[PDB]
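J.: make a model of this:
(one chain, ligands or ions: 2)
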Amino acid sequence: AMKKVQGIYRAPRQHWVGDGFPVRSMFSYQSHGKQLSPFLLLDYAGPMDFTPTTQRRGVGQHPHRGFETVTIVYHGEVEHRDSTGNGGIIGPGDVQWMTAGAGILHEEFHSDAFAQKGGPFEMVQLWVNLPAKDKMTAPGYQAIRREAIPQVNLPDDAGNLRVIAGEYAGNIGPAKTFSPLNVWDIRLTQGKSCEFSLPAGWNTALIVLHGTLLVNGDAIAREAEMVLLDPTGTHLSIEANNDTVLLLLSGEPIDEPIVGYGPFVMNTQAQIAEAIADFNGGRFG
Ligand SMILES: [Cl-]
Ligand SMILES: [Fe+3]
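T.: Residues are numbered from 1 along each chain as shown. Ligands and ions are numbered 1, 2, ... in the order given. Sure, structure below:
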(Lines give C-alpha, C1' and ligand atoms only; values in the text may rest on other atoms or scores of the structure.)
(Ligands and ions follow the chains in the order given, each with its own letter.)
Protein backbone atom coordinates (compact mmCIF):
# COMPACT_ATOMS: atom_id res chain seq x y z
CA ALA A 1 0.00 0.00 0.00
CA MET A 2 1.11 3.52 -0.83
CA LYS A 3 1.69 6.47 1.46
CA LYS A 4 -0.52 8.70 -0.68
CA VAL A 5 0.08 12.43 -1.00
CA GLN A 6 -2.15 14.38 1.39
CA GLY A 7 -0.61 17.85 1.10
CA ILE A 8 1.84 19.74 -1.11
CA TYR A 9 3.11 23.19 -0.20
CA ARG A 10 4.47 26.03 -2.29
CA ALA A 11 7.85 27.58 -1.62
CA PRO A 12 7.58 30.02 1.31
CA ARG A 13 8.94 33.54 1.26
CA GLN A 14 12.43 34.00 2.68
CA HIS A 15 13.08 35.78 5.96
CA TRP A 16 16.32 36.58 7.76
CA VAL A 17 17.22 34.92 11.07
CA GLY A 18 19.96 37.13 12.40
CA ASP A 19 22.28 38.36 9.66
CA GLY A 20 23.70 34.97 8.69
CA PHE A 21 20.72 32.74 7.91
CA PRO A 22 18.39 33.61 5.01
CA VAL A 23 15.78 30.92 5.59
CA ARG A 24 12.57 29.62 4.09
CA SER A 25 10.49 27.92 6.79
CA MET A 26 9.15 24.64 5.41
CA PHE A 27 7.06 23.74 8.45
CA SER A 28 6.67 24.29 12.19
CA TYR A 29 4.86 22.47 14.98
CA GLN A 30 2.10 25.09 15.31
CA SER A 31 0.36 23.89 12.15
CA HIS A 32 2.14 20.56 11.56
CA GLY A 33 2.89 19.27 15.05
CA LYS A 34 0.75 16.14 14.93
CA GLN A 35 1.16 15.46 11.22
CA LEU A 36 4.97 15.71 11.18
CA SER A 37 5.87 14.18 14.55
CA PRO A 38 8.63 13.56 15.52
CA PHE A 39 9.81 16.52 13.41
CA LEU A 40 9.06 19.98 14.80
CA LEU A 41 10.55 22.47 12.34
CA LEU A 42 12.51 22.68 9.09
CA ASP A 43 14.22 25.84 7.88
CA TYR A 44 16.05 25.93 4.54
CA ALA A 45 18.91 28.45 4.53
CA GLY A 46 19.86 29.71 1.10
CA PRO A 47 21.35 29.07 -1.30
CA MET A 48 23.07 32.44 -0.87
CA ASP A 49 26.43 33.88 -1.98
CA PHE A 50 28.10 35.76 0.87
CA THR A 51 30.84 38.34 0.36
CA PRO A 52 34.05 38.58 2.42
CA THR A 53 33.51 40.43 5.68
CA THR A 54 34.96 41.07 9.11
CA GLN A 55 31.43 40.63 10.48
CA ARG A 56 30.52 37.44 12.33
CA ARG A 57 27.17 36.78 10.65
CA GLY A 58 24.85 34.41 12.49
CA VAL A 59 22.38 34.51 15.38
CA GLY A 60 22.96 35.63 18.94
CA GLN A 61 23.00 33.42 21.99
CA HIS A 62 19.57 31.93 22.64
CA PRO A 63 18.10 29.07 24.70
CA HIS A 64 16.52 25.75 23.78
CA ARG A 65 14.76 23.09 25.85
CA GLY A 66 12.87 19.90 25.12
CA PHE A 67 14.05 18.80 21.66
CA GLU A 68 17.05 18.24 19.40
CA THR A 69 18.59 20.55 16.79
CA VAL A 70 20.01 19.17 13.53
CA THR A 71 22.19 21.17 11.14
CA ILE A 72 22.90 19.74 7.67
CA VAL A 73 25.48 21.78 5.73
CA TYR A 74 25.65 21.64 1.93
CA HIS A 75 27.76 24.75 1.23
CA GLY A 76 29.75 27.00 3.53
CA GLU A 77 30.95 26.57 7.09
CA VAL A 78 29.11 27.32 10.30
CA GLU A 79 30.56 27.35 13.79
CA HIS A 80 28.49 26.54 16.86
CA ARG A 81 29.26 27.17 20.53
CA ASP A 82 27.42 26.93 23.83
CA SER A 83 27.87 28.49 27.26
CA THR A 84 29.41 25.20 28.43
CA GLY A 85 32.32 25.19 25.99
CA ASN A 86 30.99 22.61 23.57
CA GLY A 87 31.77 23.92 20.10
CA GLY A 88 32.98 23.04 16.63
CA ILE A 89 32.79 23.86 12.95
CA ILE A 90 30.42 22.23 10.45
CA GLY A 91 31.50 22.16 6.82
CA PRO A 92 30.13 20.80 3.54
CA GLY A 93 28.76 17.30 4.00
CA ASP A 94 28.99 17.48 7.80
CA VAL A 95 26.08 17.18 10.23
CA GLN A 96 25.64 18.38 13.81
CA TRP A 97 23.03 16.64 15.97
CA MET A 98 22.46 18.71 19.11
CA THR A 99 20.40 17.51 22.08
CA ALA A 100 19.05 20.50 24.00
CA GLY A 101 17.18 18.29 26.46
CA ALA A 102 17.14 19.85 29.91
CA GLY A 103 18.33 23.14 28.44
CA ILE A 104 21.12 24.76 26.42
CA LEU A 105 22.44 28.24 25.61
CA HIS A 106 24.16 28.45 22.24
CA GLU A 107 24.87 30.53 19.15
CA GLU A 108 25.50 29.73 15.49
CA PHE A 109 27.42 31.82 12.98
CA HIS A 110 29.59 31.73 9.88
CA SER A 111 33.00 30.25 10.59
CA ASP A 112 36.06 32.49 10.71
CA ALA A 113 37.34 31.01 7.45
CA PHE A 114 34.00 31.48 5.67
CA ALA A 115 33.88 35.10 6.86
CA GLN A 116 37.28 35.74 5.26
CA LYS A 117 36.55 34.13 1.88
CA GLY A 118 32.79 34.21 1.35
CA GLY A 119 31.06 32.08 -1.23
CA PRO A 120 28.07 29.76 -1.42
CA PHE A 121 26.09 29.15 1.76
CA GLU A 122 23.34 26.53 1.98
CA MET A 123 22.02 24.34 4.77
CA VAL A 124 18.99 22.84 6.50
CA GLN A 125 18.00 23.27 10.14
CA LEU A 126 15.69 20.59 11.53
CA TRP A 127 14.10 20.26 14.98
CA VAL A 128 13.37 16.78 16.34
CA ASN A 129 11.05 16.38 19.31
CA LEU A 130 12.02 14.30 22.36
CA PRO A 131 9.75 11.81 24.13
CA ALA A 132 8.41 13.20 27.40
CA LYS A 133 10.63 10.85 29.41
CA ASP A 134 13.67 12.34 27.63
CA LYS A 135 12.81 16.06 27.36
CA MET A 136 15.11 16.82 30.31
CA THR A 137 17.95 14.56 29.25
CA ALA A 138 21.45 15.97 29.50
CA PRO A 139 22.39 18.30 26.63
CA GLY A 140 24.75 16.60 24.22
CA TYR A 141 26.50 17.09 20.90
CA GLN A 142 27.21 14.86 17.90
CA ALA A 143 29.55 16.41 15.34
CA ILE A 144 29.08 14.01 12.41
CA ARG A 145 31.73 14.18 9.72
CA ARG A 146 30.88 13.75 6.04
CA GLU A 147 33.07 10.63 5.98
CA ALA A 148 30.96 8.96 8.69
CA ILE A 149 27.66 9.28 6.75
CA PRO A 150 26.90 6.21 4.59
CA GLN A 151 26.39 6.96 0.89
CA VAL A 152 24.29 4.26 -0.79
CA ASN A 153 24.04 4.17 -4.57
CA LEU A 154 20.49 3.59 -5.76
CA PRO A 155 19.51 0.73 -8.09
CA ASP A 156 19.45 1.34 -11.84
CA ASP A 157 22.06 4.11 -11.44
CA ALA A 158 19.22 6.33 -10.20
CA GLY A 159 21.40 8.27 -7.78
CA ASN A 160 22.58 7.99 -4.20
CA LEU A 161 21.16 8.36 -0.70
CA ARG A 162 22.99 9.57 2.41
CA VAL A 163 21.77 7.86 5.59
CA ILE A 164 22.06 10.56 8.25
CA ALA A 165 19.65 8.98 10.73
CA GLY A 166 17.94 5.61 10.69
CA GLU A 167 18.65 2.85 8.18
CA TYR A 168 18.51 2.20 4.45
CA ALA A 169 19.26 -1.21 2.88
CA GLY A 170 21.34 -2.23 5.91
CA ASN A 171 23.41 0.98 6.08
CA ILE A 172 22.89 2.58 9.51
CA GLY A 173 22.99 6.34 9.99
CA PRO A 174 25.49 7.78 12.47
CA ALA A 175 22.87 9.97 14.18
CA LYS A 176 21.87 8.83 17.67
CA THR A 177 18.11 9.31 18.04
CA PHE A 178 15.72 8.95 20.98
CA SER A 179 12.86 7.58 18.83
CA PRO A 180 12.67 5.68 15.52
CA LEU A 181 13.16 7.99 12.56
CA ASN A 182 14.90 8.36 9.21
CA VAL A 183 16.70 11.39 7.82
CA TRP A 184 17.89 10.71 4.28
CA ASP A 185 19.66 13.00 1.80
CA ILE A 186 18.88 11.94 -1.77
CA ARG A 187 20.33 12.95 -5.14
CA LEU A 188 18.11 11.60 -7.92
CA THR A 189 19.21 11.78 -11.55
CA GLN A 190 16.79 13.10 -14.18
CA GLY A 191 14.75 10.35 -15.78
CA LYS A 192 15.49 7.93 -12.93
CA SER A 193 13.04 6.69 -10.31
CA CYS A 194 13.12 4.81 -7.02
CA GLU A 195 10.52 3.12 -4.83
CA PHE A 196 10.93 3.03 -1.05
CA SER A 197 9.44 0.87 1.70
CA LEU A 198 8.79 2.66 4.99
CA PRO A 199 7.23 1.50 8.27
CA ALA A 200 3.45 1.60 8.44
CA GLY A 201 2.14 4.50 10.48
CA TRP A 202 5.29 6.60 10.11
CA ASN A 203 4.72 10.26 9.31
CA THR A 204 6.66 11.04 6.14
CA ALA A 205 7.64 14.24 4.32
CA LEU A 206 9.67 15.04 1.21
CA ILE A 207 11.39 18.43 0.91
CA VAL A 208 12.72 19.32 -2.54
CA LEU A 209 15.80 21.53 -2.39
CA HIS A 210 16.64 21.41 -6.12
CA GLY A 211 15.07 19.99 -9.24
CA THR A 212 11.65 18.68 -10.20
CA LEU A 213 10.24 15.62 -8.45
CA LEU A 214 7.20 13.53 -9.38
CA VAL A 215 5.85 11.82 -6.25
CA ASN A 216 3.78 8.62 -6.54
CA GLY A 217 3.32 9.34 -10.24
CA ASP A 218 1.01 12.27 -9.52
CA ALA A 219 2.20 15.37 -7.65
CA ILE A 220 5.11 17.50 -8.85
CA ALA A 221 7.37 19.32 -6.37
CA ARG A 222 10.09 21.86 -7.15
CA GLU A 223 12.58 24.07 -5.28
CA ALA A 224 11.72 24.67 -1.61
CA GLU A 225 8.41 22.81 -1.98
CA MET A 226 7.24 20.09 0.37
CA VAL A 227 5.11 16.97 0.01
CA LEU A 228 3.37 15.61 3.10
CA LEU A 229 2.39 11.94 2.83
CA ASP A 230 -0.28 9.73 4.38
CA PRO A 231 1.33 7.86 7.32
CA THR A 232 -1.02 4.92 6.71
CA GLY A 233 0.90 3.00 4.06
CA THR A 234 4.29 1.42 3.52
CA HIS A 235 5.31 2.43 0.00
CA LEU A 236 6.13 5.40 -2.19
CA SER A 237 7.91 6.11 -5.45
CA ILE A 238 9.75 9.20 -6.64
CA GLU A 239 10.87 10.21 -10.11
CA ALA A 240 13.25 12.96 -11.21
CA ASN A 241 11.92 15.17 -13.98
CA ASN A 242 15.21 17.03 -13.54
CA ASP A 243 18.34 16.35 -11.52
CA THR A 244 16.87 16.49 -8.02
CA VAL A 245 18.10 16.98 -4.47
CA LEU A 246 15.64 16.21 -1.69
CA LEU A 247 15.37 15.46 2.01
CA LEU A 248 13.27 12.49 3.09
CA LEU A 249 11.96 12.70 6.66
CA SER A 250 10.09 9.80 8.23
CA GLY A 251 9.48 8.82 11.82
CA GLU A 252 7.30 7.03 14.30
CA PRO A 253 4.85 9.60 15.72
CA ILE A 254 5.37 10.74 19.30
CA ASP A 255 1.85 10.40 20.72
CA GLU A 256 2.25 13.01 23.44
CA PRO A 257 1.12 16.62 23.93
CA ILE A 258 3.10 19.37 22.22
CA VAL A 259 3.07 22.75 23.98
CA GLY A 260 5.71 25.05 22.55
CA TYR A 261 6.61 28.71 22.53
CA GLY A 262 9.56 30.08 20.59
CA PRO A 263 12.66 28.18 21.69
CA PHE A 264 10.86 25.94 24.23
CA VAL A 265 8.93 22.83 23.17
CA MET A 266 7.54 20.82 26.08
CA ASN A 267 4.50 18.71 27.01
CA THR A 268 2.52 21.01 29.33
CA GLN A 269 1.91 24.74 29.48
CA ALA A 270 3.27 24.59 33.03
CA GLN A 271 6.57 23.28 31.65
CA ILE A 272 6.73 26.29 29.31
CA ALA A 273 6.24 28.63 32.26
CA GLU A 274 9.00 26.77 34.13
CA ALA A 275 11.24 27.03 31.06
CA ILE A 276 10.78 30.80 30.69
CA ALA A 277 11.26 31.26 34.44
CA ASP A 278 14.53 29.30 34.39
CA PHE A 279 15.87 31.33 31.47
CA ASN A 280 15.03 34.72 33.00
CA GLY A 281 16.20 33.44 36.38
CA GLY A 282 19.63 32.70 34.94
CA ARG A 283 19.27 28.97 35.64
CA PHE A 284 19.46 28.01 31.96
CA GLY A 285 22.52 26.12 30.75
CL1 LIG B 1 34.02 38.80 16.01
FE1 LIG C 1 20.15 27.41 17.82
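J.: contacts for stretch 110-118 next, please.
T.: If you take Cβ atoms under 8 Å, 6 or more residues apart in numbering as the criterion, stretch 110-118 is touched by 20, 49-58, 76-79, 89, 91, 121. Using the backbone N, CA and C atoms, a C-beta is placed for each residue, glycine as well.
J.: so residue 204, which state does it fall into?
T.: What DSSP: H, G, I helix; E, B strand; the rest coil gives for residue 204 is strand.
J.: next, count neighbours for it.
T.: Counted with other Cβ atoms under 10 Å, residues neighbouring residue 204 total 21.
J.: got it, and the one 5 residues further on?
T.: When counting by other Cβ under 10 Å, one arrives at 19 neighbours for residue 209.
J.: looking at it, it is touching residue 42, isn't it?
T.: No. Using Cβ atoms under 8 Å as the test, residue 209 is too far from residue 42 to be in contact (10.8 Å).
J.: identify the contacts common to the two.
T.: 124, 247.
J.: buried among the contacts of stretch 110-118? Make that a ChimeraX selection.
T.: Only the buried entries of the contacts of stretch 110-118 go into this ChimeraX selection, using 16 or more other Cβ atoms under 10 Å:
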select :20,50,57,58,76,77,78,79,89,91,121
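J.: out of the contacts of stretch 110-118, name the ones that lie in helices.
T.: Of the contacts of stretch 110-118, none are assigned to helices by DSSP state H.
J.: note down every partner strand of the one helix or strand residue 160 maps to and its orientation.
T.: Using DSSP states H and E, residue 160 maps to strand 159-165. The sheet places strand 159-165 alongside strand 151-153 (antiparallel), strand 181-188 (antiparallel), with pairing taken from DSSP bridges.
J.: filter the contacts of stretch 110-118 down to just the ones in strands.
T.: Using DSSP state E, the subset of those located in strands is 49, 50, 58, 78, 79, 89, 121.
J.: before we move on, the earlier item: what's the closest of the strands paired with strand 159-165 to residue 105?
T.: Proximity to residue 105, assessed across the strands paired with strand 159-165 by Cβ to Cβ, is greatest for strand 181-188 (25.2 Å).
J.: this completes my enquiry, with thanks.
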